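S.K.: Each residue of the sequence shown is one higher than the one before, starting from 2 at the first, in the deposited numbering. A virtual CB, placed ideally from N, CA and C, is assigned to each residue, including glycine.
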Amino acid sequence: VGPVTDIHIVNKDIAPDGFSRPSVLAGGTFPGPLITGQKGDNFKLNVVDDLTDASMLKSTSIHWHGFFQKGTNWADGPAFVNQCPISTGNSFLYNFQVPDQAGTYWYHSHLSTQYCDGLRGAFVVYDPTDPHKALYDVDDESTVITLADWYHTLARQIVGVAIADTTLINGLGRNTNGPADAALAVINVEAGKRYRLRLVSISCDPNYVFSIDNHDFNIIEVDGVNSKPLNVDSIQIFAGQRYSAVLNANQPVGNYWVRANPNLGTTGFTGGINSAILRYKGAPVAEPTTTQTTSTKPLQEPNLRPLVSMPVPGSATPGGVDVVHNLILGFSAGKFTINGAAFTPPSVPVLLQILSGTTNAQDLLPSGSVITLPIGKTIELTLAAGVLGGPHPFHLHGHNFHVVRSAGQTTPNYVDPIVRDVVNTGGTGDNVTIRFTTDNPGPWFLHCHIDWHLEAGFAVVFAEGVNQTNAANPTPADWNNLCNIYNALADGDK
Ligand SMILES: *[C@@H]1O[C@H](CO)[C@@H](O[C@@H]2O[C@H](CO)[C@@H](O)[C@H](O)[C@H]2NC(C)=O)[C@H](O)[C@H]1NC(C)=O
Ligand SMILES: *[C@@H]1O[C@H](CO)[C@@H](O)[C@H](O)[C@H]1NC(C)=O
Ligand SMILES: [Cu+2]
Ligand SMILES: [Cu+2]
Ligand SMILES: [Cu+2]
Ligand SMILES: [Cu+2]
């Protein structure tokens, strides 16, 4: 569907691994419908909130992950940063353009932990003059592969640490204690053809080590950014990351296991959990018998290079930028913290605070969780790891960033590091460093993409170009009324 479409947000009981539970779904499916368009399109995505189950929230808001939203900050999605939520029985039109981006993206609820309850799907923007197009034969709905964590317990009823119950690949998977006749996803190929696999993590938490028995890949895209082709045989993919990986169907006609091994919950592949099937045309309709061969060329982020020269902003030394924030990532008193502050949402969305006249840095709410950035400047952030519950994949809205230092990398790369929008911060001893330029007025979230951690405070808002935000982001009438509608709701109807 798309670029112009209604998207109904509904409650439905579903059982993707055989266990039935209530859910919040775009288009009544898990994952939601694939949204598509072409580079340069105007997306007009009319989100119709038909939710009735208070246990997963009747309100909603959708984030279109990876899009810059230049001049449409109001459409970015995060509840109480960029909008008040959409209220049940109402619609809201996300109306934005994608002039300068093409690649593999996704969308998800950005209200509390609601995307874990099912509101997530893939979003692909095709490039009619894609520089990589001659490297593959097939690129369509059938080559999108979503990796999802699935919980038997509703997000708002979770007790203690959330642990995914089942891995779902294209919405299908087996649970370790579930029916073994539960359907496995099948990726269909024909011998001799080449496939652009668009691998999308729609995870609320775990990372996945992705592989296909007896096959390898050339990575050609990273979080929307074209890369030099990189030959790999396994891909660790963190929450919200995307890769395009070209697969050549060059093995004998048969069935081959597709493997997505999570870092938490039940790991491995006993009984066909954490698995899907690559089936060549002409093979029996049956489960694979193939063996996981050792990974001789796993993806390492420092090996990724942009296809086109993307010069690193600033100078080639630590702190060689206009603005440095060495962010202190911590945990105390039951909450995650950035520079000592746990994010909790304000009653007035940050964008509305600014648009209504609050332009002094000290007055923006929540106090301690908003950092103003001046417009037209080079920025360096460090995200030194060690804090519990990792590895934490950090995400910056409104921007891509250069990963000048990856997890596990000591010496920064100021020449040709990859540019992306979700980065693994790693563990103790890592000091992930990212750079970008402030070219996009408005408030933009920076947070851990483990949704449980965002809920527990692991976020900060960058109010970029506060005094340019009003001129840059004219708002539509329906956005202007969201807070009035939402604040009028009874507490049981939120
Ligand atoms: C992560 O790297 C940054 C450099 O990019 C370190 O920042 C320096 O920290 C020291 C000690 O606090 C300061 O005296 C320097 O002024 C900082 N340099 C810059 C350029 O800002 C940071 O300490 C590193 N973090 C960890 C945990 O190793
Ligand atoms: C915006 O401009 C006003 C008026 O000059 C000033 O008081 C304020 O500090 C500016 N805000 C930021 C975040 O630069
Ligand atoms: Cu996201
Ligand atoms: Cu995002
Ligand atoms: Cu986290
Ligand atoms: Cu976000």
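Quick check on DSSP: helix, strand or coil for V467?
M.R.: Locating residue 467 in the sequence shown gives position 466, counting from the first residue. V467: helix per DSSP, three-state reduction.
S.K.: Go to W151, then tell me how far its beta strand (DSSP E) extends in each direction, as first and last residue.
M.R.: Taking the first residue of the sequence shown as 1, we reach residue 151 at position 150. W151 -> beta strand (DSSP E) spans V145 to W151.
S.K.: Given a cut-off of 9 Å on the beta-carbon distance, is the pair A473 and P442 in contact?
M.R.: Position 472 of the sequence shown, counted from the first residue, corresponds to residue 473. Position 441 of the sequence shown, counted from the first residue, corresponds to residue 442. Yes; because the gap between Cβ atoms is below 9 Å, this pair is in contact.
S.K.: Candidates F81, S110, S357 and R280: which alpha carbon is nearest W65's?
M.R.: Your numbering for residue 65 matches position 64 in the sequence shown. Cα-wise, what sits closest to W65 is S110.
S.K.: How big is the Cα-Cα spacing for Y209 and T147?
M.R.: As a first step, residue 209 is located in the sequence shown; it is residue number 208 there, counting from the start. As a first step, residue 147 is located in the sequence shown; it is residue number 146 there, counting from the start. The alpha-carbon atoms of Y209 and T147 are separated by roughly 11 Å.
S.K.: Name the two residues that bound the continuous beta strand (DSSP E) containing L384.
M.R.: Taking the first residue of the sequence shown as position 1, residue 384 is located at position 383. Segment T379 to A385, the beta strand (DSSP E) holding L384.
S.K.: Going by C-alpha to C-alpha distance, which of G67, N91, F69 and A489 sits closest to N47?
M.R.: Start at 1 with the first residue of the sequence shown, and residue 47 comes out as number 46. Closest option to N47, Cα to Cα, is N91.
S.K.: When we look at the beta-carbon of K59 and count the other beta-carbons within 10 Å, is it buried (16 or more) or exposed?
M.R.: The count along the sequence shown starts at 1 and reaches residue 59 at position 58. By the 10 Å Cβ count, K59 comes out buried.
S.K.: Could you name the residues of the same chain whose beta carbon sits closer than 6 Å to that of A123, not counting the 5 residues immediately before and after it, in chain order?
M.R.: Here residue 123 refers to the residue found at position 122 of the sequence shown. The residues are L35, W107, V145, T147 and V201.
S.K.: So if I measure from each beta-carbon to every heavy atom of ligand 8 and keep distances below 5 Å, which residues remain?
M.R.: As for ligand 8, it is missing from this structure, which binds only ligand 1, ligand 2, ligand 3, ligand 4, ligand 5 and ligand 6.
S.K.: Given a threshold of 16 other Cβ atoms within 10 Å of its Cβ, counted over all protein chains shown, does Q237 qualify as buried or as exposed?
M.R.: Indexing the sequence shown from 1 puts residue 237 at position 236. Under this definition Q237 is a buried residue.
S.K.: Which residues end up in the neighbourhood of ligand 1 when you take C-beta atoms closer than 6 Å to any of its heavy atoms?
M.R.: Checking every Cβ against the heavy atoms of ligand 1 under 6 Å gives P319, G320, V325, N327, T383, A385, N432 and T434.
S.K.: Ligand 2 heavy atoms versus the CB of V233: any closer than 8 Å?
M.R.: Numbered from 1 along the sequence shown, position 232 holds the residue referred to as residue 233. For ligand 2, not one heavy atom lies less than 8 Å from the Cβ of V233.
S.K.: Mark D431 as exposed unless 16 or more other C-beta atoms lie within 10 angstroms of its C-beta, in which case mark it buried.
M.R.: Counting from one through the sequence shown, the residue named residue 431 turns up at place 430. Buried: at least 16 other Cβ atoms inside 10 Å.
S.K.: Reducing DSSP to helix, strand and coil, say where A277 ends up.
M.R.: Residue 277 sits at position 276 when you count from the first residue of the sequence shown. Strand.
S.K.: Please confirm whether any heavy atom of ligand 3 lies closer than 8 Å to the CB of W75.
M.R.: Position 74 of the sequence shown holds residue 75. It does not: the Cβ of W75 is nowhere closer than 8 Å to a heavy atom of ligand 3.
S.K.: Excluding sequence positions up to five away, which residues of its chain have a Cβ less than 8 Å from the Cβ of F332?
M.R.: Counting from one through the sequence shown, the residue named residue 332 turns up at place 331. Only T338, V388, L389 and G390 meet the Cβ criterion.
S.K.: Quick one: what does DSSP say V351 is sitting in, helix, strand or coil?
M.R.: In the sequence shown, residue 351 corresponds to position 350, counting from 1. Helix, per DSSP.
S.K.: Let me check you understand the geometry: is the CB of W107 closer than 8 Å to at least one non-hydrogen atom of ligand 3?
M.R.: For the purposes of this step, residue 107 is taken as the residue at position 106 of the sequence shown. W107: yes, Cβ under 8 Å from ligand 3.
S.K.: Is any non-hydrogen atom of ligand 3 found closer than 8 Å to the C-beta of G33, if you look at the structure I gave you?
M.R.: Residue numbering aside, residue 33 sits at position 32 when the sequence shown is read from its first letter. Because no heavy atom of ligand 3 lies under 8 Å away, the Cβ of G33 does not count as near it: no.
S.K.: Determine the closest residue to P350 out of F395, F446, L397 and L328, with distance taken between C-alpha atoms.
M.R.: Taking the sequence shown and counting its residues from 1, the one referred to as residue 350 is at position 349. Per the Cα distances, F446.
S.K.: Flag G119 as yes when its Cβ comes closer than 8 Å to any non-hydrogen atom of ligand 3, and as no otherwise.
M.R.: For the purposes of this step, residue 119 is taken as the residue at position 118 of the sequence shown. No.
S.K.: For the beta strand (DSSP E) containing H133, name the first residue and the last one.
M.R.: Position 132 of the sequence shown, counted from the start, is the residue given in the question as residue 133. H133 -> no beta strand (DSSP E), and no H or E assigned at all.
S.K.: On the premise that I10 lies in contact with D54, defined as a C-beta separation below 8 Å, what is that separation, rounded to the nearest angstrom?
M.R.: Indexing the sequence shown from 1 puts residue 54 at position 53. Indexing the sequence shown from 1 puts residue 10 at position 9. Their Cβ separation, rounded to whole angstroms, is 11 Å, which puts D54 and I10 out of contact at 8 Å.
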